[PDB]
């Protein structure tokens, strides 16, 4: 990744064994649950395209998901090439060549070119552009991997209300891929059990979740 040194300059630094083992562990233990995505975004803070490909290359299984992520990256690189064409000719002195999509994805660019773009003034943040594409692809994986539907989650008989809300917003997080509403508010009350659903309407309009869960505490 690109970090700041003691001269106030941005310089390249090798990716650390801890960051690599942390990314491997969250994938082994949590597959593609929605919370994996912010963890990926945090562990790849300051990453170059080479680093992002490194982290993605340490995933041993889930190869169908990885191939989908590649097809998503290829569609974002094609759109980048449409909106930002590369002009022919020699590069102005002290400047970098224009990055095409395959440069941002680290397939046709060198590490030194990635450093050049990311530390230029102004910087062309090819690590952040590529990471947006990867998170777009991973969000589509989180939805495809989600088992139950938000419509399916209905409260049990003797199940406490807080456990039903737990399963509710967890499934909702996988359905929207951690994207954040009276639509989901009315689904919560509708799919409850008859005992609490009666008191929920009696609370009034636009009650807070705190108020709802105090009303169905017992």
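Residue numbers count along the first chain shown, from 1.
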item	value
Entries skipping residue 86: at least a third of other ones	yes
Size class of the missing deposited segment between residue 180 and residue 181	1 to 3
Stretch with the higher entry mean CA B-factor, where the candidates are 124 to 132 and 83 to 91	83 to 91
Selected stretch [higher average CA B-factor]: 53 to 61 or 151 to 159	151 to 159
Given 200, 22, 14, 11, the residue at which the Cα B factor reaches its maximum	200
Which of 29, 185, 35, 166 ranks first by CA B-factor in the deposited coordinates	185
Position of residue 192 among the chain's modelled residues by C-alpha B-factor, lowest, middle or highest third	highest
Lowest, middle or highest third - CA B-factor, residue 176	highest
